[PDB]
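>>> sequence, then the experimental structure. Questions to follow.
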Amino acid sequence: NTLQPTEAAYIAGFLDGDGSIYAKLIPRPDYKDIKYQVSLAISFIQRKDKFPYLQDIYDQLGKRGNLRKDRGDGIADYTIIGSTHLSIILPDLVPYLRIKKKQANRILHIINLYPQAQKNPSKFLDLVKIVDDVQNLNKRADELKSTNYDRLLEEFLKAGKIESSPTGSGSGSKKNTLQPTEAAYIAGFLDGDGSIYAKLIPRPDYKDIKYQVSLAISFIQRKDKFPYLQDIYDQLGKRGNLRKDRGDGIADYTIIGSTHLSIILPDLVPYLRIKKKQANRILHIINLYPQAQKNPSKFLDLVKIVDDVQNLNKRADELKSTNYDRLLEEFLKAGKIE
DNA sequence: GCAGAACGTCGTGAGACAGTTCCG
DNA sequence: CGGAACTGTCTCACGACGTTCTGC
Ligand SMILES: [Ca+2]
Ligand SMILES: [Ca+2]
């Protein structure tokens, strides 16, 4: 079972980003009495091309659960179903989990009560409540609230499985301090819900080269989960910009400029997976930018790194960035290189 | 002259299941 | 009977910026 602290932390970061912890009950037209089995799962979702990364997480989790290279729409998932695997896996992830920690504790709890709850409609209903919380915790505010417990209490009374009086508790409307696991999580989360990117900004008032290469990493999330960004922000020495809302209900945390990324990135690189290349390329740009400012020749092949980064932030089929082709044209016609 | 902050935004890349097929 | 695997998708929650807006 011995899964490494920074491997557990990364996965939790990644799960909190691109994963899902959830509970559901399945109709079972062949079960003894209670015709529902409560299903429990965690999953990791990602685009087809990044499958090796899922396959890697799989291998770390003792090769439990079922991988899927393609689920139909060029997109891949790794679902771990059942209490056998989850009672081994979740204990390892729960300490590092943040956004979905509650969901994980709930699943872990359902596991504890399931044996007894299994052939007792009273204790099954009480457990179905926990299935409700989990599905609710995965919901928005404005969304319809989970009514599995209500629909089953009605089903149990009609099927004569429960006598008076019924339960219960349901809404019945009838300097650094960035340590290994701190960085590992953040890298997990950035790999999931984050972005590492470079861009050319047109600056209509520069000495010679009228562009500046802008460098950034960002974190994106729904506004309700903003405090979690506010956490990562604090943990990174309080660098960069935060938005509680950018206008469309989704928050972001953006760290622009070599100054911050010279400090932050080296902390995340060793734990970064999906976005590690982008990270190093940014560091590389930071590394050879001083000399690149004056010389249009050194600016150009540095502008290639920008293209390369933007390329990495695309699938193979997308049209590849042409900043190098456009600036080469511009520099020739401005006589800056000939 | 320099560069970060803030604003706004296509076009997908996810989340979180519900069903349904296998399976000892 | 018991429950996990595999199929399939609807609805946003993201990404990765182009823009432009301050700030010394
Ligand atoms: Ca997410
Ligand atoms: Ca992602």
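Perfect, I can see it now. Numbering: from 1, shown residues only, chains lettered A, B, ... in the order given. Ligands and ions are numbered 1, 2, ... in the order given.

>>> okay, and the beta partners of the closest residue to residue A:43 other than its chain neighbours?
In space, residue A:43 comes closest to residue A:79 once its chain neighbours are excluded; the distance is 4.4 Å by C-beta to C-beta, 6 or more residues apart in numbering. To be clear about C-beta, it is placed using only N, CA and C from the backbone, and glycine gets the same treatment. According to DSSP bridges, residue A:43, residue A:66 are recorded as the beta-bridge partners of residue A:79.

>>> tell me the buried residues in the host helix or strand of residue A:242?
Element membership of residue A:242, judged by DSSP states H and E, is strand A:241-243. For strand A:241-243, the buried set under the neighbour-count rule, 16 or more other C-beta atoms under 10 Å, is empty.

>>> buried sites along the helix or strand following that strand?
Stepping forward along the backbone from strand A:241-243, the first helix or strand reached (DSSP H and E) is strand A:250-256. Within strand A:250-256, the residues scored as buried using 16+ other C-beta under 10 Å are A:251-253, A:255.

>>> how near is the nearest residue to residue A:35 once chain neighbours are set aside to DNA strand B?
Once flanking residues are discounted, residue A:35 sits nearest to residue A:28: 4.9 Å by C-beta to C-beta, 6+ apart. Here the distance between residue A:28 and DNA strand B works out to 8 Å (C-beta to the nearest atom of the strand, to the nearest Å).

>>> number of nearby residues for residue A:28?
As a burial measure, the neighbour count of residue A:28 was computed by other C-beta atoms under 10 Å and equals 11.

>>> what sits against it?
With contact set as C-beta atoms under 8 Å, 6 or more residues apart in numbering, residue A:28 has these partners: A:35-37.

>>> quick one: which of those residues sit in strands?
With strands taken from DSSP state E, the overlap with the contacts of residue A:28 comprises A:36-37.

>>> which residue does the stretch 151-300 of chain A have closest to DNA strand B?
Relative to DNA strand B, the nearest point of the stretch 151-300 of chain A is residue A:257 (2.6 Å; C-beta to the nearest atom of the strand).

>>> got the CA coordinates for stretch A:57-68 in CSV?
As requested, C-alpha coordinates have been extracted for stretch A:57-68 and formatted as CSV (Å, rounded to 0.1, in the frame of the first residue of the first chain):
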residue,chain,number,x,y,z
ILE,A,57,-1.6,7.4,-11.6
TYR,A,58,-3.3,4.0,-12.0
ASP,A,59,0.1,2.2,-11.6
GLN,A,60,0.8,4.2,-8.4
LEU,A,61,-2.6,3.3,-6.9
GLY,A,62,-1.6,-0.4,-7.0
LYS,A,63,-3.2,-0.8,-10.4
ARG,A,64,-6.8,-0.8,-9.0
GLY,A,65,-9.9,0.3,-10.9
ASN,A,66,-10.4,0.4,-14.7
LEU,A,67,-8.6,2.6,-17.2
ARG,A,68,-10.3,3.7,-20.5
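
>>> list the buried residues of that stretch.
Residues of stretch A:57-68 classed as buried: A:57-58, A:61, A:65, A:67 (neighbour count, 16+ other C-beta under 10 Å).

>>> so how far is that stretch from its chain's centroid?
Distance of stretch A:57-68 from its chain centroid, counting by C-alpha atoms, centre = their mean, to the nearest Å, is 17 Å.
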